[PDB]
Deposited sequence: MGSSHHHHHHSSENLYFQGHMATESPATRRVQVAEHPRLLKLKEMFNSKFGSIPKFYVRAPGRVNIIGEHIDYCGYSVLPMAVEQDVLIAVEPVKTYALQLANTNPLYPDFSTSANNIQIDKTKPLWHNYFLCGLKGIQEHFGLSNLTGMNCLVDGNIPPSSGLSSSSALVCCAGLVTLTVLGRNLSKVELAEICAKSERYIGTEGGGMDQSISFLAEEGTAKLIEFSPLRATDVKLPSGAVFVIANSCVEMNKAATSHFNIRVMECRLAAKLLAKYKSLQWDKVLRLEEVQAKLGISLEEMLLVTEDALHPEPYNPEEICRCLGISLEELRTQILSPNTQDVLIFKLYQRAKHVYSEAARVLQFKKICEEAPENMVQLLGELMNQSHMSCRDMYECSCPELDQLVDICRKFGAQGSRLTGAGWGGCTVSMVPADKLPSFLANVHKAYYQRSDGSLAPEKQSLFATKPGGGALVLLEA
């Protein structure tokens, strides 16, 4: 995988979104864009909250995305604008990139992406340009609009710079740079954005970053349903809490199994080190970790550390004062979840006479797990997932981080309309509810 992001040559006018964008850029900057860039958002089919644990996921890119009209400038001046009034213009000319985790203002996600590229190539000077941002992904809704902006911003930067990177590399870089926002997430979102391929789903693996086509089942529609509960990951610690929780769990797991925990960072590492299977890993966990919650002193104790080292050498800023750590539950979640993913696939590769039904299950399982073990669901998500089921839903589960956001659901061909209607009907009574297909990845667009 040395292939880079593609370059579509276009006649602007044939693309309404584009020409519009072109028109407003001009209005905003007195010039026309030199080029454009898009990076889709995505739907995680299954395998939630395990990317950061080193485990493989199965998402697919959505068609919604972030489109940026770009114009390079000779100055050290970065001017960002957004077609959406909710997103104020932003400018800077500083080589020193200042990202505020205090109020993740939209523009900061753009800076993460730009900043990562600059650093990748050891650059200090700000890359001057004018950009008009245009995203159609519902914000803070589980669809990775943050990552779309991130990746898009990165691609743009690289293009302006006129340097080259593989899609992989891009994904890898944008996975790390997004953290500048304050989130300690994995790499599923960026990887799918850069690696997506139309008409197929992907099994994204990590270390090494790899993607593998996954042919979806033949008779069901994947339907995104937005709970309508907004979750801004960067605005709230829940996420990082879970990140810590697992990290801690893994360390303790290693300790127990007598490995080198000090080096351990992720849950899968433990499974790796032991040479055991997922199922076995579940038994380990069951032995190693007590259900009742762990505490900071107890933790310290177990590891032969100091609260200060905890705090210091291990904890996160936004997790320092946590009293309660649910190591057992998070691990139970993680380990099973990886197993489902590997399963779901395998199935997909077999095509059994009861495919959906099966897969459906796998999916309900993810949900409950996330719900009960990982505790990253919500009451709203909870109902939505039922109702869905209530109408045809062969598979329903929250998607993305959770705590609001969307849900994905395998509705079989024929119930769609009802689903659609009844759901619409129940929950609701295109924007919040709609069907999906495996979209393609990030691309450069040249008016040619």
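- In sequence order, the deposited residues that have no C-alpha coordinates form the ranges 1 to 21, 451 to 459.
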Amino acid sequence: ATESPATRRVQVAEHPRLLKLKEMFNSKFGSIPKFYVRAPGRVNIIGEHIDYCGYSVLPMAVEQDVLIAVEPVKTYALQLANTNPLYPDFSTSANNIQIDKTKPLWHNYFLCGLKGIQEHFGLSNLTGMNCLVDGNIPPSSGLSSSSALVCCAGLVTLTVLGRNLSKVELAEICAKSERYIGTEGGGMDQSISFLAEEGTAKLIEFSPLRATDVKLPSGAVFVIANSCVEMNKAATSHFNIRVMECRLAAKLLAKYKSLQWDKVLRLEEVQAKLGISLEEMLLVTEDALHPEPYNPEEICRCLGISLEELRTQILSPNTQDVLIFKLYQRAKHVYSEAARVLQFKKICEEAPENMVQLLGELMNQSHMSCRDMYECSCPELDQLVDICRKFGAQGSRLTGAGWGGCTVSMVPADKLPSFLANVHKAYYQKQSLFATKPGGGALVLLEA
From here on, numbers count along this sequence of modelled residues.
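- Mean CA B-factor, 348 to 356 versus 366 to 374: the higher value falls on 348 to 356.
- For the pair 181 to 189 and 200 to 208, the record assigns the higher mean C-alpha temperature factor to 200 to 208.
- In the deposited coordinates, the residue among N82, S124, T75, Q313 with the greatest CA B-factor is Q313.
- Within the listed group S27, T399, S396, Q64, the record reports its top CA B-factor for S396.
- In this PDB entry, the Cα temperature factor of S31 sits in the bottom third of its chain's modelled residues, the lowest group.
- Placement of the Cα temperature factor of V10 within the chain: lowest third of the modelled residues, per the deposited record.
- Sorting the modelled residues of the chain by their CA temperature factor places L21 in the middle third.
- In this PDB entry, the Cα temperature factor of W261 sits in the top third of its chain's modelled residues, the highest group.
- Among all modelled residues in this chain, the alpha-carbon of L327 has a temperature factor (C-alpha) in the lowest third.
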